[PDB]
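Structure first, commentary second.
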Amino acid sequence: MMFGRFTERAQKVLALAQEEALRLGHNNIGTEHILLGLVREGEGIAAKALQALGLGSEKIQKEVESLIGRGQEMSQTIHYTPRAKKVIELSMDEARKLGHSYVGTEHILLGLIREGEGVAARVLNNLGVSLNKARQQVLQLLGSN
């Protein structure tokens, strides 16, 4: 058996990533759309950790949309990019490394920073969040704070 399961909180950020892809006029979910889906949820442990590090939904949204743009729409329904598919595997590896039997919002963000080269990692670094800053706030705020 393997932890091919996401929390209801995490499934909501991934559903918001589809709504945000369709708002931007994209038929795909990237690392960018998963990070944008996180701040559009705003209460999940990862989004709460981003805001605890001094970020905010408009800051992350404006930096995402300034890097990926708008208007490539084709009414084609959503697909995951190779990096978003990698983040789904890496967040599941981070959940297994923590001994959690499903992937939380926390573990989605640990996947986004573990990818390290997609737009999500670059938005965090250009705002001022870093791999170890995000790890320490997420790893505390998930239940050890």
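Quick note on the authors' numbering: the sequence shown kicks off at 1 and runs consecutively.
Ideal placement from N, C-alpha and C gives every residue a C-beta, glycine not left out.
Length of the line joining the Cα atoms of residue 48 and residue 72: Here residue 48 refers to the residue found at position 48 when the sequence shown is read from its first residue. Here residue 72 refers to the residue found at position 72 when the sequence shown is read from its first residue. Distance between the alpha carbons of residue 48 and residue 72: 31 Å.
DSSP beta-bridge partners of residue 80: As a first step, residue 80 is located in the sequence shown; it is residue number 80 there, counting from the start. DSSP, once it has assigned bridges, lists 29 as partnering residue 80.
Can you tell me where the alpha helix (DSSP H) holding residue 100 begins and where it ends? On the sequence shown, position 100 is the one that residue 100 refers to. Careful: residue 100 lies outside any alpha helix (DSSP H) and carries neither H nor E.
According to the Cβ coordinates, are residue 134 and residue 124 closer than 8 Å? Along the sequence shown, one-based indexing puts residue 134 at 134. Along the sequence shown, one-based indexing puts residue 124 at 124. For residue 134 and residue 124, yes; Cβs fall inside 8 Å.
Counting C-beta neighbours from all protein chains within 10 Å, is the total for residue 2 16 or more, i.e. buried, or is it exposed? As a working note, residue 2 is residue 2 in the sequence shown. Exposed, since its Cβ has fewer than 16 Cβ neighbours within 10 Å.
Between the segment 66 to 81 and the segment 17 to 37, can you find at least three pairs of beta-carbon atoms closer than 8 Å? yes
Let me make sure I understand the geometry here. Which of 46, 102, 116, 63 has the alpha-carbon closest to that of residue 87? Within the sequence shown, the letter at position 87 stands for residue 87. Comparing Cα-Cα distances from residue 87 to each of 46, 102, 116, 63, the minimum goes to 116.
For residue 79, does the count of other Cβ atoms within 10 angstroms reach 16, so buried, or fall short, so exposed? On the sequence shown, residue 79 is found 79 positions in, with the first residue counted as 1. Counting Cβ neighbours within 10 Å, residue 79 comes out exposed, since fewer than 16 surround it.
Quick one: what's got a C-beta closer than 7 Å to residue 20's C-beta in the same chain, skipping five residues either side? Here residue 20 refers to the residue found at position 20 of the sequence shown. Result list for residue 20: 33, 36, 37, 40, in chain order.
Leaving out five residues before and five after residue 103 in sequence, what residues of the same chain have Cβ atoms less than 6 Å from its Cβ? Counting from one through the sequence shown, the residue named residue 103 turns up at place 103. Closer than 6 Å at Cβ, skipping near neighbours: 6, 10, 91, 92, 95.
For residue 127 and residue 58, believed in contact at Cβ under 8 Å, the rounded distance: Position 58 of the sequence shown, counted from the first residue, corresponds to residue 58. Position 127 of the sequence shown, counted from the first residue, corresponds to residue 127. Going by Cβ atoms, the distance from residue 58 to residue 127 rounds to 11 Å, so no, they are not a contact pair.
To which residues does DSSP link residue 6 through a beta bridge? Your numbering for residue 6 matches position 6 in the sequence shown. Residue 6 pairs with 103.
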